[PDB]
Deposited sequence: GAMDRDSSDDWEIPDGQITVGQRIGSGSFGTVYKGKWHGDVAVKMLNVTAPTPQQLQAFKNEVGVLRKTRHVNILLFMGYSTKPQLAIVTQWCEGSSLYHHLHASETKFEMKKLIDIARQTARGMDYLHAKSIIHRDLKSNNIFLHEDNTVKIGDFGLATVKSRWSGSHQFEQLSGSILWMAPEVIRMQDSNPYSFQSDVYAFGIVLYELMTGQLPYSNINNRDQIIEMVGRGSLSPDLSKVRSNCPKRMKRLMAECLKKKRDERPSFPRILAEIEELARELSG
């Protein structure tokens, strides 16, 4: 198929965010859209990568819970087009807002995210950055996964990742682990290592093995099966971690019960 969008078809609204590299504007192409472009007059060889690659990956995703890739463009300046969604990042709702979700919502958020994550993995895609920021809540309703990071974090890094190891640290497994924190986030409602201020502490302490999320923090309501599953992904050793098919399957089963 062909996803290249003819030059000058798109129309760029107000800046929605900026990464140096990358900036996203609210656009208009056959309806609302979001576009990320490198305003740098001429594309560097670096950039020409972040473009090539990111379209490489997005092309291969059609799913309700993956943010919708629409098309790309080169000439005026390199650009990537996606659907425009109203809502705020999960990180936002959780840590950035008074917002209280019924456990049902919380559970479902998790269900949807796992549906999303299972899809990628099946398609042999490693997110490499999962986290509550990169989980988007559309219409405040449904979950859209993507990489909103404009700079390319620590709390979600699995240990073998924090330790440089064999430099091929990222795997479906690390992803399972990042997923595990997201659950920690959903069930407790707090980020991990809360009472720990120096951010340098966590980096050594977590990778050495001395530290993992203090689960007493998960609130009272969280189903046992859930807290288990959490603890499961957070299992320090890569092969200790469940695979997303196991996870979704679990998670669908928890919900049928709370129904």
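Q: Missing C-alpha coordinates: which residue stretches of the deposited sequence does that apply to?
A: No coordinates exist for the deposited residues in 1-8, 161-176, 284, so these stretches are absent from the model.
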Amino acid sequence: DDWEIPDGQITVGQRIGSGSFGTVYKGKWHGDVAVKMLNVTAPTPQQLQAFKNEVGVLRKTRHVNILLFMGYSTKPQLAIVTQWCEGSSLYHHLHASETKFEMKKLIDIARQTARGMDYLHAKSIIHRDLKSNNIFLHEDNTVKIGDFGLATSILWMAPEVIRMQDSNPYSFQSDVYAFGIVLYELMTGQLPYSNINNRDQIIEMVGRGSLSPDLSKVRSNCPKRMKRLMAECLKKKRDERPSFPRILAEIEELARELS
From here on, numbers count along this sequence of modelled residues.
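Here, rigid core means the biggest group of C-alpha atoms that superpose within 1.5 Å across both forms.
Q: Core-aligned, RMS over all structures and residues: is 200-208 or 32-40 the stretch with the greater C-alpha displacement in 5 other deposited structures of this protein?
A: Per-stretch check in 5 other deposited structures of this protein: the more divergent one is 32-40.
Q: Fitting on the core, do the C-alphas of 94-102 or of 112-120 deviate more in 5 other deposited structures of this protein?
A: Between the two stretches, 94-102 moves farther in 5 other deposited structures of this protein.
Q: Among the other entries of this protein that were compared (only those with both neighbours built), does residue 71 lack coordinates in at least a third?
A: Counting only entries that model residues on both sides, residue 71 is resolved in every one of them.
Q: Is it true that residue 146 goes unbuilt in a third or more of the other compared entries of this protein?
A: No, residue 146 has coordinates in all the other entries compared.
Q: Please compare 131-139 with 167-175 and say which has the higher mean C-alpha temperature factor in the record.
A: Looking at the recorded C-alpha B-factors, 167-175 comes out higher on average.
Q: Which is higher on average in the deposited entry, the C-alpha temperature factors of 104-112 or of 91-99?
A: Mean B over CA atoms: larger for 91-99.
Q: Highest Cα B-factor in the PDB entry belongs to which of 220, 61, 53, 190?
A: Top of the list by C-alpha B-factor: 220.
Q: Could you check 120, 79, 151, 155 and tell me which one carries the biggest Cα B-factor in the deposited entry?
A: Top of the list by C-alpha B-factor: 151.
Q: If you rank the chain by CA B-factor, which third does residue 13 end up in: lowest, middle or highest?
A: Ranked within chain, residue 13 CA B lands in the middle tercile.
Q: Once the chain's modelled residues are ordered by C-alpha B factor and cut into thirds, is residue 73 in the lowest, middle or highest one?
A: CA B-factor rank for residue 73: middle third.
Q: Would you mind ranking residue 227 by its C-alpha B-factor against the rest of the chain and naming the third, lowest, middle or highest?
A: Answer is lowest: the recorded C-alpha B-factor places it there.
Q: Can you tell me which third, lowest, middle or highest, the CA B-factor of residue 57 falls into for its chain?
A: Lowest third - that is where residue 57 ends up once the chain's C-alpha B-factors are sorted.
Q: Taking the C-alpha B-factors as the PDB entry records them, is residue 30 in the lowest, middle or highest third of its chain?
A: Middle third by C-alpha B-factor.
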